[PDB]
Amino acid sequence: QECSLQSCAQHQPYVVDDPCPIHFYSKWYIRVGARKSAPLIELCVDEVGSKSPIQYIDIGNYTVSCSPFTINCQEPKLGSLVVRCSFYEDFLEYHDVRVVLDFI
């Protein structure tokens, strides 16, 4: 039920305002199709050497940097941009915030 609306210059890099509290841990995902039954694809944990039959790639450099989290300012197409927030490093209790973009 929590939503973060942010404005950025379309087609240019955008350092996202992380909506989690500043001392909370944050993990970034795409919820495929913005559907709750669909997978949460974790964004900034890419280890090479996957042999999975399903692999996610970044043709257009949607994710520009992981530190700090920076995206190309563009309409989400695979699904919704979602950050998961926790006081605990192990994410024992967490809340998810969707990040929505208005274009300047």
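Note that residue numbering begins at 1 and tracks the sequence as displayed.
Which is higher on mean Cα B factor in this entry, 44-52 or 28-36?
Taking the mean C-alpha B-factor of 28-36 and of 44-52, the larger value falls to 44-52.
Among the modelled residues of this chain, does the Cα B factor of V97 put it in the lowest, middle or highest third?
Within its chain, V97 is a middle-third residue by C-alpha B-factor, going by the deposited values.
Quick check for you: using the entry's CA B-factors within this chain, is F91 in the lowest, middle or highest third?
Its C-alpha B-factor, which the entry lists for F91, ranks in the middle third among residues of this chain.
Within this chain, which third does the Cα B-factor at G60 fall in: lowest, middle or highest?
Middle third by C-alpha B-factor.
Split the chain's modelled residues into thirds by Cα B-factor; is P13 in the lowest, middle or highest one?
Within its chain, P13 is a middle-third residue by C-alpha B-factor, going by the deposited values.
Check where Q6 lands among this chain's C-alpha B-factors and tell me if it's the lowest, middle or highest third.
Middle third - that is where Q6 ends up once the chain's C-alpha B-factors are sorted.
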